[PDB]
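Peer 1: Starting off with a structure, shown below.
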Amino acid sequence: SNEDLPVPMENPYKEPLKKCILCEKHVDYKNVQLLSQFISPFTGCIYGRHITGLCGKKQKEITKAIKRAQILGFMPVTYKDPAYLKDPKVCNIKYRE
Amino acid sequence: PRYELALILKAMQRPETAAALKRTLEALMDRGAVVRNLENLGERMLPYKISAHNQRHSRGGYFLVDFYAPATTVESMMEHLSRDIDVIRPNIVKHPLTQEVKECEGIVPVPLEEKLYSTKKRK
Amino acid sequence: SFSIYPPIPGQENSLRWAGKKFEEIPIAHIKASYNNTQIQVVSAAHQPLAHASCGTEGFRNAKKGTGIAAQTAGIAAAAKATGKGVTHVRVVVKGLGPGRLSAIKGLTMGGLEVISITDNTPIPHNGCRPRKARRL
Amino acid sequence: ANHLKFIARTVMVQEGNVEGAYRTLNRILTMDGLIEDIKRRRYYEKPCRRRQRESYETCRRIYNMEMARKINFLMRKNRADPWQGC
Amino acid sequence: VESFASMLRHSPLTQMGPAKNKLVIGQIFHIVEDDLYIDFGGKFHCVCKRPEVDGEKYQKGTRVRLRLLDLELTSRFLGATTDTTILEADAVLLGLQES
Amino acid sequence: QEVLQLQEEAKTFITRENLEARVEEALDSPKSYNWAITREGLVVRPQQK
RNA sequence: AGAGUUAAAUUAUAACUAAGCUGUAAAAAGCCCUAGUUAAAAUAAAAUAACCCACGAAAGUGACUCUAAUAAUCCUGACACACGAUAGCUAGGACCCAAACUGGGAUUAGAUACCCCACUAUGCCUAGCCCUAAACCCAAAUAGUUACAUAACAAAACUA
Ligand SMILES: [Mg+2]
Ligand SMILES: [Mg+2]
Ligand SMILES: [Mg+2]
Ligand SMILES: [Mg+2]
Ligand SMILES: [Mg+2]
Ligand SMILES: [Mg+2]
Ligand SMILES: [Mg+2]
Ligand SMILES: [Mg+2]
Ligand SMILES: [Mg+2]
Ligand SMILES: [Mg+2]
Ligand SMILES: [Mg+2]
Ligand SMILES: [Mg+2]
Ligand SMILES: [Mg+2]
Ligand SMILES: [Mg+2]
Ligand SMILES: [Mg+2]
Ligand SMILES: [Mg+2]
Ligand SMILES: [Mg+2]
Ligand SMILES: [Mg+2]
Ligand SMILES: [Mg+2]
Ligand SMILES: [Mg+2]
Ligand SMILES: [Mg+2]
Ligand SMILES: [Mg+2]
Ligand SMILES: [Mg+2]
Ligand SMILES: [Mg+2]
Ligand SMILES: [Mg+2]
Ligand SMILES: [Mg+2]
Ligand SMILES: [Mg+2]
Ligand SMILES: [Mg+2]
Ligand SMILES: [Mg+2]
Ligand SMILES: [Mg+2]
Ligand SMILES: [Mg+2]
Ligand SMILES: [Mg+2]
Ligand SMILES: [Zn+2]
């Protein structure tokens, strides 16, 4: 009969979950600009999660997409297409200090 | 749409181009295919130089053919594309729009793993 | 935004050295192998203008490994090249060995002017299997 | 080899200082893991002997990550102490 | 008589809710040269560094404005049973008891 | 609903005749998929021409 | 499991150019039908992504595409049935590179080894065998519990 006790409700102050930069985006092997965004400019490397900062599924998605874009040849392997070097940079790498 | 055809074609003038595309979709419509659409992605300088049919190409035209086809067929069309003298590289992919978008709800944060090692009062 | 390194093969970039396009500037191949170094300075037209090896410079089986030898070969190479009148050089290092840096410096100190370094070191994407490791 | 040349792994020296630009390129390759790969690939390394490497590396990376965090968390309390000689 | 549960339900520490980005009022009870030890009343004091603006204005007994980051500093670490306490809370300095 | 979607696209399909049209149109209107991203999740599509 | 495809690297083989090139702790032998550069199929192997931890019963599986496709309304179960890494065997292809064997070269008291250099069975494919591993996560399967409780060490203790 104690009406001042606590309630067994869920947490109202719960913070909304964070989102990969692509969460519910659509990764296609067709936009090479997008895939260029996640590749090292000098190498043609594919950045890891710890750089790109993507969900699991979106990393995997991006990777496969890239490889497809390479064999089908919309995108080259060993360097970032120069056209796209001047575009917005997503990743956390600092090369030049 | 079911299947997708990435056509990289030898860069030509317009008439020859038209010819090539036309006969391509003819071949497909003959193997039993229903063509949805034709998307010209332009003539680009290829990311790298591609050697096929004893010609090493720098540039190429890019095309996208969405179509429905029966399972048995895809091999046939691939063969007839590989045979072709002006295709600078063929491919056929399950059309991207069959694949579902299952909502990233977000990052499910992973907590540090506990109860790996036994409790021991060592040192 | 000054000195973005990779100048495009399109003509949108006008930057001239000795009034030449970046495409026309001479390529100095440097090959640094653990036992050796060799430089070959070649025209944009691919006509070799200079060649110097650590051995051609009169070092011998071990000693020719060192960076000393590298800069040594570099100097005389840039001598032979300067003789045919090349001001500027875009350099490429092949392999990873002792005389990488030494030889590159060797071209400068040897009186040859350097614009670019690019590294082409063959990196197998898992092609041919290497020889076995050693002690075993 | 089929790709356009001189676009890849290329730095262009600025204000004529060579040594600086070389350091730069080196920092590139070593940032991407190519130096560790060249050096790795001078000789072969057998698959088993490779997963051992992988696992030792990854354990060690976990340890160092954690220990780093702990250090930078306890950093505050490096501050000179209030209560001395109580 | 008040039941404890009632005292809890109506307290400010409850009313505040989550600790992040709260605007709190606090008091300086101890000083080492650059460092000012601030009880905002929560459980543990936080620590601060005396700002460049009006250095000598912040003294023992002074009251202060705080942006409360975390009610206390804690985490679990590799191969730990219990998490590790700093015995402080994380806060930032805004202005001094702006009146 | 599905069946009616397809019923709608059946008017837009490429058939033996429209080849002559479609192909001539495909060359006329190049289309891009090229598409980008911003750190806020925002997209910037290609700049207006 | 099929069928199709190739980006990096390497090699034939030409064009130039220089006499060396390779190789170690240091050398020697070895090769100059060598080396650097520029071209370039086949064969073989699949950087980064992976700080991921998925798929398979296990062995195993991480270049690309398409086809086929992952038993059981789900308890245990063999000497029965079907599979089973490497190496090996049989027949036919393949041969870039690696490489037991072997022949040179050093080292050494000796050196049948560790280091160097060539080159072979063999790794590769198709078909058939062989059925072994530190085949080990040395931790049986299926339901449970965190009660009771520290031989030692390791991956904490136990029911049915
Ligand atoms: Mg312990
Ligand atoms: Mg690998
Ligand atoms: Mg052994
Ligand atoms: Mg070549
Ligand atoms: Mg790694
Ligand atoms: Mg087969
Ligand atoms: Mg090749
Ligand atoms: Mg070659
Ligand atoms: Mg060759
Ligand atoms: Mg040595
Ligand atoms: Mg000799
Ligand atoms: Mg790895
Ligand atoms: Mg694994
Ligand atoms: Mg099943
Ligand atoms: Mg059973
Ligand atoms: Mg077997
Ligand atoms: Mg076998
Ligand atoms: Mg053989
Ligand atoms: Mg052969
Ligand atoms: Mg051999
Ligand atoms: Mg012998
Ligand atoms: Mg002895
Ligand atoms: Mg020894
Ligand atoms: Mg041989
Ligand atoms: Mg095998
Ligand atoms: Mg095993
Ligand atoms: Mg084991
Ligand atoms: Mg056993
Ligand atoms: Mg059993
Ligand atoms: Mg079972
Ligand atoms: Mg129990
Ligand atoms: Mg004891
Ligand atoms: Zn996401």
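Chains as they are written, first to last, in the deposited numbering: chain R, 47 to 143; chain F, 2 to 124; chain K, 61 to 196; chain U, 2 to 87; chain f, 78 to 176; chain d, 155 to 203.
Where a beta carbon is used, it is the ideal one built from N, C-alpha and C, also for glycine.
#1: State the Cα-Cα distance for the pair residue 95(f) and residue 148(f), rounded to the nearest angstrom.
#2: Along the chain, where does the beta strand (DSSP E) containing residue 140(f) start, and where does it finish?
#3: Would you list, in chain order, the members of the stretch 59-81 of chain U that have their beta-carbon closer than 8 Å to a beta-carbon of chain f?
#4: Would you grab the beta carbon distance between residue 177(K) and residue 26(U) for me? Rounded to a whole angstrom, and I think it's under 8 Å.
#5: In terms of DSSP beta bridges, what is residue 56(F) paired with?
#6: In whole angstroms, what separates the C-alpha of residue 15(U) from that of residue 73(K)?
#7: Here's the rule: buried if 16 or more other CB atoms are within 10 angstroms of the residue's CB, otherwise exposed. What is residue 62(K)?
#8: Taking a contact to mean a Cβ-Cβ separation below 8 Å, would you say residue 74(R) touches residue 2(F) in this structure?
#9: First and last residue of the beta strand (DSSP E) that includes residue 112(f)?
#10: Give a yes or no on whether the minimum CB-CB distance between residue 84(R) and chain F is below 8 Å.
#11: If you measure beta-carbon to beta-carbon, which residues of the stretch 128-162 of chain f are closer than 7 Å to chain F?
#12: Measuring CB atoms only, is the stretch 18-35 of chain F touching the stretch 47-54 of chain F, in the sense that at least three cross pairs come out at less than 8 Å?
#13: Provide the residue span of the beta strand (DSSP E) that contains residue 174(K), from first to last.
#14: Under three-state DSSP, which class holds residue 120(f)?
#15: Between which two residues does the beta strand (DSSP E) carrying residue 96(K) extend?
#16: To the nearest angstrom, how far is it from the Cα of residue 124(K) to the Cα of residue 84(R)?
#17: Please check the pair residue 87(R) and residue 118(R), which I expect to be a contact at CB under 8 Å, by giving their CB distance rounded to whole angstroms.
#18: In whole angstroms, what is the alpha-carbon distance linking residue 80(F) and residue 172(d)?
#19: Go to residue 97(R), then tell me how far its alpha helix (DSSP H) extends in each direction, as first and last residue.
#20: Under three-state DSSP, which class holds residue 198(d)?
#21: Using a Cβ-Cβ cut-off of 7 Å (strictly less than) and excluding sequence neighbours within five positions of residue 135(K), which residues of its own chain qualify?
#22: Taking only three categories from DSSP, how would you classify residue 170(f)?
#23: So if I threshold CB-CB distances at 8 Å, which residues from the stretch 172-196 of chain K count as touching chain U?
#24: I need the straight-line Cα distance from residue 81(R) to residue 70(K), nearest angstrom please.
#25: Give me the Cα-Cα distance between residue 31(U) and residue 125(R), rounded to the nearest whole angstrom.
#26: Could you give the C-beta distance for residue 65(R) and residue 187(d), rounded to a whole number, given that I count them as a contact under 8 Å?
#27: Please confirm whether residue 3(F) has its beta-carbon closer than 8 Å to some beta-carbon of chain d.
#28: Roughly how many angstroms lie between the CA atoms of residue 120(F) and residue 153(f), to the nearest whole one?
#29: Considering only the alpha carbon of each residue, which of 189(K), 67(K), 184(K) lies closest to residue 123(R)?
#30: From the DSSP secondary-structure annotation, give me the bridge partner or partners of residue 44(F).
#31: Within the continuous beta strand (DSSP E) that includes residue 12(U), where are the two ends?
#32: Under 8 Å Cβ-Cβ, which residues of chain U neighbour residue 165(K)?
#33: Determine, using beta carbons only, whether residue 168(f) comes closer than 8 Å to chain R.
#34: For the alpha helix (DSSP H) that contains residue 81(F), what are its first and last residues?
#35: To the nearest angstrom, how far is it from the Cα of residue 4(F) to the Cα of residue 161(K)?
#36: Answer yes or no: do residue 34(F) and residue 64(F) have a C-beta to C-beta separation smaller than 8 Å?
Peer 2: Quick look at the numbers:
#1: Looking up residue 95(f) in the fifth sequence gives position 18. Looking up residue 148(f) in the fifth sequence gives position 71. About 9 Å.
#2: Counted from its first residue, the fifth sequence places residue 140(f) at position 63. Taken as a continuous stretch (DSSP letters only), the beta strand (DSSP E) holding residue 140(f) covers 140-147.
#3: 63, 64, 67, 68, 70, 71, 74, 75, 77, 78, 80, 81
#4: Here residue 177(K) refers to the residue found at position 117 when the third sequence is read from its first residue. Here residue 26(U) refers to the residue found at position 25 when the fourth sequence is read from its first residue. With 8 Å as the limit, residue 177(K) and residue 26(U) qualify as a contact, their Cβ atoms being about 5 Å apart.
#5: Taking the second sequence and counting its residues from 1, one reaches residue 56(F) at position 55. BP columns for residue 56(F) point to 53(F).
#6: As a position in the fourth sequence, residue 15(U) is number 14, starting the count at 1. As a position in the third sequence, residue 73(K) is number 13, starting the count at 1. Those two C-alpha atoms are separated by around 16 Å.
#7: Here residue 62(K) corresponds to residue number 2 of the third sequence, with the count starting at 1. Residue 62(K) should be labelled exposed.
#8: In the first sequence, the residue the question calls residue 74(R) occupies position 28. In the second sequence, the residue the question calls residue 2(F) occupies position 1. The answer is no: Cβ separation not under 8 Å.
#9: Within the fifth sequence, residue 112(f) is the residue found at index 35, counting from 1. Start and end: 112-116.
#10: Here residue 84(R) refers to the residue found at position 38 of the first sequence. No, its Cβ sits nowhere closer than 8 Å to a Cβ of chain F.
#11: 153, 156, 158
#12: no
#13: Sequence index remark: in the third sequence, residue 174(K) carries index 114 (1-based). Counting along the chain, the beta strand (DSSP E) containing residue 174(K) begins and ends at 173-179.
#14: Taking the first residue of the fifth sequence as position 1, residue 120(f) is located at position 43. Of the three classes helix, strand and coil, the one that applies to residue 120(f) here is coil, per DSSP.
#15: Against the third sequence, residue 96(K) aligns to sequence position 36. Residues 96-102.
#16: As a working mapping, residue 124(K) is identified with position 64 in the third sequence. As a working mapping, residue 84(R) is identified with position 38 in the first sequence. Roughly 43 Å between the two C-alpha positions.
#17: For the purposes of this step, residue 87(R) is identified with residue 41 of the first sequence, where counting begins at 1. For the purposes of this step, residue 118(R) is identified with residue 72 of the first sequence, where counting begins at 1. Residue 87(R) to residue 118(R), Cβ: 21 Å. No contact.
#18: Numbered from 1 along the second sequence, position 79 holds the residue referred to as residue 80(F). Numbered from 1 along the sixth sequence, position 18 holds the residue referred to as residue 172(d). Looking at the two C-alpha atoms, the distance is approximately 26 Å.
#19: Residue numbering aside, residue 97(R) sits at position 51 when the first sequence is read from its first letter. Start and end: 95-98.
#20: Mapped onto the sixth sequence, residue 198(d) falls at position 44. Residue 198(d): coil per DSSP, three-state reduction.
#21: Position 75 of the third sequence, counting from 1, holds the residue named residue 135(K). Closer than 7 Å at the Cβ level, and outside the excluded window around residue 135(K), lie 166, 169, 170.
#22: As a position in the fifth sequence, residue 170(f) is number 93, starting the count at 1. Residue state, collapsed to three classes: strand.
#23: 173, 174, 175, 176, 177, 178, 179, 180, 181, 183, 184, 189, 190, 191, 192, 193, 194
#24: Counting from 1 along the first sequence, the entry for residue 81(R) is found at position 35. Counting from 1 along the third sequence, the entry for residue 70(K) is found at position 10. Residue 81(R) and residue 70(K): Cα-Cα distance of roughly 22 Å.
#25: The residue labelled residue 31(U) in the question sits at position 30 within the fourth sequence. The residue labelled residue 125(R) in the question sits at position 79 within the first sequence. If I take the Cα positions, the gap works out to 16 Å.
#26: The sequence position of residue 65(R) within the first sequence is 19, counting from 1. The sequence position of residue 187(d) within the sixth sequence is 33, counting from 1. The Cβ separation is near 23 Å, so there is no contact.
#27: In the second sequence, residue 3(F) corresponds to position 2, counting from 1. Closer than 8 Å: no.
#28: The count along the second sequence starts at 1 and reaches residue 120(F) at position 119. The count along the fifth sequence starts at 1 and reaches residue 153(f) at position 76. Approximately 15 Å, taken between the alpha carbons.
#29: Against the first sequence, residue 123(R) aligns to sequence position 77. Out of 189(K), 67(K), 184(K), 184(K) has the C-alpha closest to the C-alpha of residue 123(R).
#30: Stepping through the second sequence from its first residue, residue 44(F) is reached at position 43. Answer is 62(F).
#31: The count along the fourth sequence starts at 1 and reaches residue 12(U) at position 11. Looking at the DSSP string, the run of the beta strand (DSSP E) that includes residue 12(U) is 11-13.
#32: Here residue 165(K) is taken as the residue at index 105 of the third sequence, counted from 1. Here the neighbours are 19, 20.
#33: Here residue 168(f) is taken as the residue at index 91 of the fifth sequence, counted from 1. Not an interface residue.
#34: Residue 81(F) sits at position 80 when you count from the first residue of the second sequence. Note, residue 81(F): alpha helix (DSSP H), 75-84.
#35: As a first step, residue 4(F) must be located in the second sequence, where it is residue number 3. As a first step, residue 161(K) must be located in the third sequence, where it is residue number 101. Using only the alpha carbons, I get a separation of about 53 Å.
#36: The residue labelled residue 34(F) in the question sits at position 33 within the second sequence. The residue labelled residue 64(F) in the question sits at position 63 within the second sequence. No, Cβ-Cβ distance for residue 34(F) and residue 64(F) is not below 8 Å.
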